[PDB]
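Beneath this line is the structure, given in structure tokens, with notes to follow.
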Amino acid sequence: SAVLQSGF
Amino acid sequence: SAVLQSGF
Amino acid sequence: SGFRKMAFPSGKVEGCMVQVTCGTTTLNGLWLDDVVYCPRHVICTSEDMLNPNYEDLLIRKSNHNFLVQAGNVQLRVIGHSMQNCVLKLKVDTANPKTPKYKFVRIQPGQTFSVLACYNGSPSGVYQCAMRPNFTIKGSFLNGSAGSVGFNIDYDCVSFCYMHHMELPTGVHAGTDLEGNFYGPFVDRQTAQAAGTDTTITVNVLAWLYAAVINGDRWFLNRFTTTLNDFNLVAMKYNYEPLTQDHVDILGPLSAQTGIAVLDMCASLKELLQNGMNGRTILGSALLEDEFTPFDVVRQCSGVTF
Amino acid sequence: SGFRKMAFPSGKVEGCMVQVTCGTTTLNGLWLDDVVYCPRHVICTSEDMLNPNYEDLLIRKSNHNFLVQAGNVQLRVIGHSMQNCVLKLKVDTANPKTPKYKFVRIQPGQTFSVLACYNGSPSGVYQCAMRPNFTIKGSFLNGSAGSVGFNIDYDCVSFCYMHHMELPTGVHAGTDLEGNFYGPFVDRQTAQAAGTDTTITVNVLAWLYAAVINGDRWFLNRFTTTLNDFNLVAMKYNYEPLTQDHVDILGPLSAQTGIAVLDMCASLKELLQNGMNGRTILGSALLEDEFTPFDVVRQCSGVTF
Ligand SMILES: [Cl-]
């Protein structure tokens, strides 16, 4: 699937 | 031969 | 001489990168004048990503819920709005390092430099193309969302891409700086797939002209072709159609080398039908399609900014 | 994910580039504090290049014979000396944009970013490796001499390369910032040739680890090899010997992927003896040797500066 590339 | 890469 | 995949100098963009944090979610933002632009998924948690109602999630956010850091300087957010898929955070200081700039929406086949960033600090710069299927083949990890793609013309930075997400097979998808996605994608953790990608024919032809200028001419044959006959073969190998506008755009390179575009096309047709037989062009064993004609001209004539 | 040839952000270096002109000869210089460093061939005319007596030519130059321009600002030269193959022009203003910096002499196999410049203004940035024969495969036109190669560590720029000349077959040769040439070359328009180049084996192994991290694992076999047996095959294909230090340098990548270095070596040996059979690794149809192990770690872990 599509993965949103924000971070922790 | 070797070429020196200065400019005009 | 020599020919390399060259990115734009990144200094003008580096002074614009900040970190935006909303709770545990952190990504990069672009600080221009008194506005910070960032992907709206910063207001998401990990559970919200499957099906986020972005309006509901943003109604619950106050200005102070956004922590914006430019290096050591914390910036006070004094307003916020959502435009399509990007947040706009009004901040109380204008960025002193703001360059002259434009927002542009690029066409597939066009190239740009990406400044890969994490936590508001740059990791690296590289050039990439907008693929015909509206993805780019970048290098992006978690945290990179908000990194931007750009072109430079003299002193004006044209921002054309904000990074948002990774799609299956490791390709990347994002928006223009007005927050509209390139291609038929949405900022949701759903099943989405990049469509079939094709080879940007006009860019391959530009790269073969680059090779000729650098003295790699073994693939030059003696035949010519018609545009329609060329496009019959190109189509079979998943190449985009060459249009008369493309032929005209290749005019300066054609004039420089003395090789008509339709003659270069005859040589490309033979490469496609017969392979390279172990040979390389410009150090490459595959045909390269991520140099536009302008990219070749810039690199081979030394345009500066 | 994804993997690309990534250059360092160039902002810190861009603020240091100036134009140096001595009569009709013009090239780039590096303005650090109150000194401008540039290749000494700027004091040459086109005839002087065949066999220049640099001491005689510089005795005839006064401070005012050097025109140094930083954009719009003309800089007054108040002293000049020659150190090996570089000029040092003392100027009357210290560069306010001087970063924290070191001069380093890099080893063959190491990589760095080049900021290609003409007339003191940047055209582009790209990453390159110091080849085993002490050349680099750059992209440099007339006017580019004085462009510099660099690495960044946090805030410190390590300058490692100043460009001077092009050798037959389109490879490039230069000096460290103390003015000593890399390799057995001289700044003269004489017959000089790059020696036989070899493939940096430790870098190929780093790149194969990069591929595994990105999920390209088709070339992984089930055998192992000894170091000595590996080096017998590598030598046949013009690869550098792998040393135990190299095996240790590959340790972090090995640990990350769970593949012992000697197992990766067994897979490289098969690629060398059998080819790729039309397949690609990381989008490439040839083995790539211009990513160091640190380059892979930086890109795959997202180190910032
Ligand atoms: Cl290739």
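In order, the protein sequences belong to chains X, H, P and B. Residue numbering for the first sequence follows this note's numbering, beginning at 1 and increasing consecutively. Residue numbering for the second sequence follows this note's numbering, beginning at 9 and increasing consecutively. Residue numbering for the third sequence follows this note's numbering, beginning at 17 and increasing consecutively. Residue numbering for the fourth sequence follows this note's numbering, beginning at 322 and increasing consecutively. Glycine included, every Cβ here is placed at the ideal spot set by N, Cα and C.
By the neighbour-count criterion, in which 16 or more other beta carbons inside 10 Å mark a residue as buried, residue 489/B falls on the exposed side.
Under the three-state reduction of DSSP output, residue 565/B falls in the helix class. Residue 177/P is classed as buried because its beta carbon has at least 16 other beta carbons within 10 Å across all chains shown. In the three-state scheme derived from DSSP, where H, G and I count as helix and E and B as strand, residue 71/P is classed as helix. Nearest C-alpha to residue 281/P among 298/P, 294/P and 262/P: 262/P. Rounded to the nearest whole angstrom, the CA to CA distance from residue 54/P to residue 160/P is 11 Å. The residue among 338/B, 395/B and 374/B with its C-alpha nearest the C-alpha of residue 405/B is 374/B. Under the 10 Å beta carbon count, residue 527/B is surrounded by 16 or more other beta carbons and is classified as buried. Segment contact: the segment 574 to 586 of chain B against the segment 539 to 553 of chain B, three or more CB-CB distances shorter than 8 Å; contact assigned. Non-local C-beta neighbours of residue 303/P in its own chain, meaning closer than 6 Å and more than five positions away in sequence, comprise 220, ordered along the chain. Here residue 398/B is not near residue 379/B, since their CB atoms are 7 Å or more apart. For the C-beta of residue 185/P, not a single chain X residue is nearer than 8 Å; the gap to the nearest is close to 12 Å. Ranked by how close their Cα comes to the Cα of residue 206/P, the residues 21/P, 63/P, 36/P and 24/P have 63/P in first place. Pairing residue 265/P with residue 314/P, the inter-Cα distance amounts to about 14 Å.
Pairing residue 412/B with residue 396/B gives a Cβ-Cβ distance under 7 Å. Apart from the 5 residues on each side of it in sequence, residue 390/B sits with its Cβ closer than 6 Å to the Cβ of 340 in its chain, given in chain order. Close to ligand 1, as judged by a C-beta nearer than 6 Å to any of its heavy atoms, are the residues 300/P, 301/P, 302/P, 605/B, 606/B and 607/B, in chain order. Scanning the segment 501 to 567 of chain B for uninterrupted alpha helix (DSSP H) segments of 4 residues or longer gives 522 to 534 and 548 to 557, listed from N- to C-terminal end. Excluding the 5 residues flanking it on each side, residue 420/B has same chain C-beta neighbours closer than 6 Å at 333 and 478, in chain order. In the three-state DSSP reduction, residue 36/P falls in the strand class (E or B). Its chain contains 433 and 479 as the residues whose beta carbon lies nearer than 6 Å to that of residue 472/B, once the 5 sequence neighbours on both sides are disregarded; these appear in chain order. In this structure, DSSP gives residue 103/P an extended state, which the three-state scheme calls strand.
Within chain H, no residue has its CB atom less than 7 Å from the CB of residue 437/B, the nearest being about 11 Å off. For residue 470/B, the three-state secondary structure derived from DSSP is strand.
Proximity of residue 304/P to chain B, defined by a Cβ-Cβ separation below 7 Å, is not satisfied. Here residue 21/P is buried. Its C-beta has 16 or more other C-beta atoms within 10 Å. The criterion of a C-beta distance shorter than 7 Å is satisfied by residue 522/B and residue 555/B. For residue 365/B, the chain H residues whose Cβ falls inside 8 Å of its Cβ are 12 and 14, in order along the chain. Of all C-beta pairs linking the segment 118 to 138 of chain P to the segment 34 to 50 of chain P, three or more are shorter than 8 Å, placing the two stretches in contact. Here the C-alpha atom of residue 228/P lies approximately 35 Å from the C-alpha atom of residue 117/P.
DSSP places residue 290/P inside the alpha helix (DSSP H), whose first and last residues are 277 to 290. Excluding the 5 residues flanking it on each side, residue 384/B has same chain C-beta neighbours closer than 7 Å at 398, 399, 400 and 401, in chain order. Within the same chain, no Cβ atom closer than 8 Å to the Cβ of residue 317/P is found once the five residues on either side in sequence are excluded. Ranking 594/B, 459/B, 590/B and 366/B by CA distance to the CA of residue 343/B puts 366/B first.
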